[PDB]
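Read through the structure below, which is laid out as structure tokens, and then see the notes.
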Amino acid sequence: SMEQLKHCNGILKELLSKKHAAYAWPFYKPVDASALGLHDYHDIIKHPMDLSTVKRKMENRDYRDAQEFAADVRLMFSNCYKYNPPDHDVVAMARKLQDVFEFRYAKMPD
Ligand SMILES: COc1ccc2c(c1)C(c1ccc(Cl)cc1)=N[C@@H](CC(=O)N1CCC(N(C)C)CC1)c1nnc(C)n1-2
């Protein structure tokens, strides 16, 4: 619905807000494989995703429903878990931001 997509825009605003910056910063823009020295990133990760891409899709009304929005946000986190070992600090940062996302997404009115 239009109303659920409105709640999703509020979730995205929360994920981009200053209170989460200490763990959100790796996710604001696409992974820059050249800058980071990740020569195999685009071989391993076939469908990159990040918050700037989710924001553009929300602004252009490209999500048909709330579930399509959730699939892109979960894809962003899944790519991080897929690429990195489980002991890495970026994985701990992803799980902190994901817990914000999953809590707010669960509270969406029907
Ligand atoms: C703008 O900076 C970014 C953007 C995307 C990143 C990363 C950093 C940060 C990053 C690293 C440390 C901290 Cl504390 C935070 C983030 N990691 C990269 C991954 C990275 O560089 N690795 C891969 C693992 C290697 N092991 C030695 C095995 C080291 C190099 C990354 N992956 N998903 C996202 C999103 N990312």
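Every chain in the structure tokens has a letter given in the order shown (A, B, ...), and although residue numbers restart at 1 in each chain, ligands are simply numbered from 1 in the order shown.
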Considering only C-alpha atoms and all ligand atoms, tabulate each residue of chain A that lies at most 10 Å from ligand 1 along with its nearest interatomic pair and the corresponding distance in Å to one decimal; arrange the rows by chain and ascending residue number and present them as CSV.
```
residue,atom,partner,partner_atom_place_in_ligand_line,distance
A:22,CA,ligand 1,14 (Cl),9.6
A:23,CA,ligand 1,15 (C),8.1
A:24,CA,ligand 1,15 (C),9.3
A:25,CA,ligand 1,1 (C),6.6
A:26,CA,ligand 1,4 (C),4.0
A:27,CA,ligand 1,35 (C),5.3
A:28,CA,ligand 1,1 (C),7.8
A:29,CA,ligand 1,1 (C),7.3
A:30,CA,ligand 1,4 (C),7.3
A:31,CA,ligand 1,5 (C),4.8
A:32,CA,ligand 1,4 (C),6.9
A:33,CA,ligand 1,21 (O),8.4
A:35,CA,ligand 1,2 (O),9.0
A:36,CA,ligand 1,21 (O),5.6
A:37,CA,ligand 1,21 (O),7.3
A:38,CA,ligand 1,21 (O),6.8
A:40,CA,ligand 1,23 (C),9.8
A:41,CA,ligand 1,32 (N),8.6
A:48,CA,ligand 1,35 (C),9.5
A:49,CA,ligand 1,35 (C),9.0
A:50,CA,ligand 1,35 (C),7.8
A:76,CA,ligand 1,35 (C),7.8
A:77,CA,ligand 1,35 (C),7.9
A:78,CA,ligand 1,33 (N),9.5
A:79,CA,ligand 1,33 (N),7.0
A:80,CA,ligand 1,33 (N),4.3
A:81,CA,ligand 1,33 (N),7.7
A:82,CA,ligand 1,33 (N),8.8
A:83,CA,ligand 1,32 (N),6.4
A:84,CA,ligand 1,24 (C),5.0
A:85,CA,ligand 1,28 (C),6.3
A:86,CA,ligand 1,28 (C),9.7
A:87,CA,ligand 1,28 (C),9.6
A:88,CA,ligand 1,12 (C),7.4
A:89,CA,ligand 1,14 (Cl),5.0
A:90,CA,ligand 1,15 (C),4.4
A:91,CA,ligand 1,33 (N),7.8
A:92,CA,ligand 1,14 (Cl),8.9
A:93,CA,ligand 1,15 (C),7.4
A:94,CA,ligand 1,35 (C),7.9
```
Would you export the selected residues with C-alpha atoms as a compact mmCIF listing (two decimals), in the first residue's frame, please?
```txt
# COMPACT_ATOMS: atom_id res chain seq x y z
CA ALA A 22 29.19 4.91 14.03
CA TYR A 23 28.04 1.62 12.40
CA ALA A 24 26.16 2.85 9.26
CA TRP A 25 29.09 4.58 7.48
CA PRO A 26 30.31 1.52 5.43
CA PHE A 27 26.81 1.26 3.85
CA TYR A 28 26.11 4.86 2.69
CA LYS A 29 27.63 4.52 -0.84
CA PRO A 30 28.47 1.59 -3.18
CA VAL A 31 31.55 -0.50 -2.25
CA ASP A 32 34.49 1.02 -4.22
CA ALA A 33 36.47 -2.13 -5.03
CA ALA A 35 39.85 2.15 -3.66
CA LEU A 36 39.64 -0.69 -1.07
CA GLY A 37 41.92 -3.09 -3.04
CA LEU A 38 39.17 -5.78 -3.43
CA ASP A 40 37.61 -10.17 -6.53
CA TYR A 41 34.61 -8.19 -5.11
CA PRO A 48 25.86 -4.95 -5.18
CA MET A 49 23.50 -2.84 -2.98
CA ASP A 50 23.91 0.17 -0.63
CA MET A 76 22.98 -5.10 1.17
CA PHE A 77 23.62 -6.87 4.51
CA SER A 78 23.84 -10.37 2.92
CA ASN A 79 26.56 -9.18 0.48
CA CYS A 80 28.64 -7.96 3.47
CA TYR A 81 28.22 -11.31 5.33
CA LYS A 82 28.99 -13.26 2.10
CA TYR A 83 32.20 -11.38 1.27
CA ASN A 84 33.75 -11.10 4.79
CA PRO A 85 34.85 -13.55 7.53
CA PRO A 86 32.56 -13.67 10.61
CA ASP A 87 35.12 -12.12 12.99
CA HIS A 88 35.42 -8.85 11.03
CA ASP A 89 34.38 -5.45 12.44
CA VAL A 90 32.38 -4.57 9.27
CA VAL A 91 30.19 -7.66 9.90
CA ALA A 92 29.52 -6.47 13.51
CA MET A 93 28.58 -3.02 12.11
CA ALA A 94 26.21 -4.63 9.54
```
Set out as a Markdown table a contact list for stretch 2-92 of chain A and stretch 104-110 of chain A with a cut-off of 7 Å, giving each residue of stretch 2-92 of chain A that qualifies its closest atom pair and distance in Å to one decimal, counting only C-alpha atoms, ordered by chain and rising residue number.
```
| residue | atom | partner | partner_atom | distance |
| --- | --- | --- | --- | --- |
| A:4 | CA | A:108 | CA | 6.9 |
| A:7 | CA | A:108 | CA | 6.5 |
| A:11 | CA | A:104 | CA | 6.5 |
```
Check: Can you tell me, as a PyMOL selection string, what residues are no more than 12 Å from residue A:57 when counting only C-alpha atoms, ignoring any on the same chain fewer than 5 positions away?
Finding: chain A and resi 5+8-9+12+49-52+62-65+68-69+72-73
Next item on the list: Tell me which of A:101, A:10, A:74, A:1 sits closest to residue A:47, counting only C-alpha atoms.
Entry: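 Closest residue, counting only C-alpha atoms: A:74.
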Check: Which one of A:97, A:56, A:42, A:102 sits closest to residue A:71 if you count only C-alpha atoms?
Finding: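 With only C-alpha atoms as the atom set, the closest residue is A:102.
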Checklist line | Expected answer as number ranges by chain: alpha helix (DSSP H) residues in chain A | finding: A: 2-15, 21-24, 33-36, 41-44, 51-59, 66-83, 89-106
Note to self: Using only C-alpha atoms, can you tell me which of A:39, A:46, A:96, A:61 comes closest to residue A:15?
What the structure shows: A:96
Notebook entry, point to check: Of the candidates A:66, A:75, A:99, A:54, which one gets nearest to residue A:13 if we count only C-alpha atoms?
Noted result: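 Nearest to residue A:13: A:54.
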